[PDB]
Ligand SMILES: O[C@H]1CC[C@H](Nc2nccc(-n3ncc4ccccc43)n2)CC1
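Below sits a lone chain in structure tokens, taken as the form deposited without the ligand.
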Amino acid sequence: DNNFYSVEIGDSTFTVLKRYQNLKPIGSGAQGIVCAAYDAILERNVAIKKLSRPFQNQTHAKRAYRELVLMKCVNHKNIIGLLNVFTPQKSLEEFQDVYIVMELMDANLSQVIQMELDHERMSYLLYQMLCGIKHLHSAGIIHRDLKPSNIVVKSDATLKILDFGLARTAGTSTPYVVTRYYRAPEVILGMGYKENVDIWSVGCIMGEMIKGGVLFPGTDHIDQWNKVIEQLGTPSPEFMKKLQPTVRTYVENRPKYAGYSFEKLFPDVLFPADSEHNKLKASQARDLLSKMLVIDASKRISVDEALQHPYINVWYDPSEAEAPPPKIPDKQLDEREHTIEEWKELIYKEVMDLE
């Protein structure tokens, strides 16, 4: 009879529009579990993220809201497409679960890291990552959790970014929610952050692509810092000074390191043959790596500069790189506390609006 229907995927219940068929488990976001599904109406694959009673909690609801809002107003060939949203429940009283339907790409960057890209591929993917991010930043939003498994690709070589649960405007204001290996120093050492925090992640991702493996492995949150300084060498005192005093002592106590040069961090053996024409050169790649992977945020290149960098700008196209920002309904400000119930209503209105 009715509009929705239910499938058990292992221990989890997906109740969804009958259009959505053949769910298969595929993943998780910061919040949420995700299935792939056939949309019998549009006749294509999709991805359905279930968020379970997101209002359960300050955290869960904050993130859920953001992700709802951002998924809506964002508009770029390099961000993942919204397709649908719903809830099977029929009233604010009933209300408990949310579902978000998205384009399904083919794979995440996992996946690419082990294969051997030519420069044109490597550079092109980065170029796309950056356009994506310049889109978000252009409206003042920071992804915060860029990382291979949040970047997806398709076999025609296109690429999009994913998961906005952690996305928000500039920092200060909890630590351990960004994935360990991609934590910028500002994030590791608790100093709060600006948009180029995302740049650090891009650098790690790029490094991983070339390296074949995680750039700064890091066996726990504190060891993370060792891996960074072991490779890049010890930050300057100018930098130390910005640390809070408790963290400053630990840091200044670390064994000093010269660090390797990018030439030694990333030697030619690692790269493919250099390009037919000019700028797609290992050394140019090194040069970009060296302006992204920089401990001191205030000395770190921005996306705009990264788009202008010779290794990247060979694809530069203003209609991709300089598109209008997403418009965020100025209500949503990614910070304010609310209540058990205030949230419950916010999300619901928000799903309602969006249904």
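Don't overthink the numbering: it's just position in the shown sequence, from 1.
Heads up, the form solved in complex with the ligand isn't pictured, but that's what we're talking about next.
> Heavy atoms within 4.5 Å of the ligand in the bound PDB entry: which stretch in 307-315, 53-61, 23-31, 290-298 meets that?
Of the options, only 23-31 has residues within 4.5 Å of the partner.
> Does any heavy atom of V228 come within 4.5 Å of a heavy atom of the ligand in the bound PDB entry?
Taking the distances in the bound PDB entry, the answer for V228 is no, it never comes within 4.5 Å of the ligand.
> Contact between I210 and the ligand in the bound PDB entry at 4.5 Å, heavy atoms?
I210 lies outside the contact set for the ligand.
> Considering non-hydrogen atoms and a 4.5 Å limit, does the ligand approach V74 in the bound PDB entry?
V74: no contact with the ligand in the bound PDB entry.
> Heavy atom to heavy atom, is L215 within 4.5 Å of the ligand in the bound PDB entry?
The answer is no: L215 has no heavy atom within 4.5 Å of the ligand.
> Which of these residues, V112, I188, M122, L104, gets a heavy atom within 4.5 Å of the ligand in the bound PDB entry?
If I apply the 4.5 Å criterion carefully, the residue I get is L104.
> From the list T87, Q284, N78, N108, which entry has a heavy atom within 4.5 Å of the ligand in the bound PDB entry?
So the residue touching the ligand in the bound PDB entry, by this definition, is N108.
> Can you list, in sequence order, the residues from 130-155 that come within 4.5 Å of the ligand in the bound PDB entry, counting heavy atoms only?
Going through 130-155 in order - heavy atoms within 4.5 Å of the ligand in the bound PDB entry - there is one hit, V152.
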